[PDB]
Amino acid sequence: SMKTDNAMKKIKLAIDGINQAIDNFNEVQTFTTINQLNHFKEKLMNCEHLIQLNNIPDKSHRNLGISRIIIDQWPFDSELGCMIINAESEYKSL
């Protein structure tokens, strides 16, 4: 659907940004780790898979917990944190 298409686009944007951070880790090492970035990527990748399987959880079980960690731990100006929050929030809005 149009709604799931917008979610897919935002999720791929977020994964691409994480990939860019893993490849340029010097840029982000003061606030995240490769282990955390891969944790986030795994969860976003699982969101893609559940959408592709038409097996999305109900609206009450869409919390990845990623947004809360970024809000609490990452710099507010982080363009990467924005991208990820946009993806988790679009998933939640489905």
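Heads up: residue numbers just count along the shown sequence, starting at 1.
For the pair 9-17 and 73-81, the record assigns the higher mean C-alpha temperature factor to 73-81.
In this entry, the higher average B-factor at the C-alpha atoms falls on 55-63, of the pair 41-49 and 55-63. Sort the modelled residues of the chain by CA B factor and residue 94 lands in the middle third. In the deposited entry, the Cα temperature factor of residue 36 sits in the bottom third of values across the chain's modelled residues.
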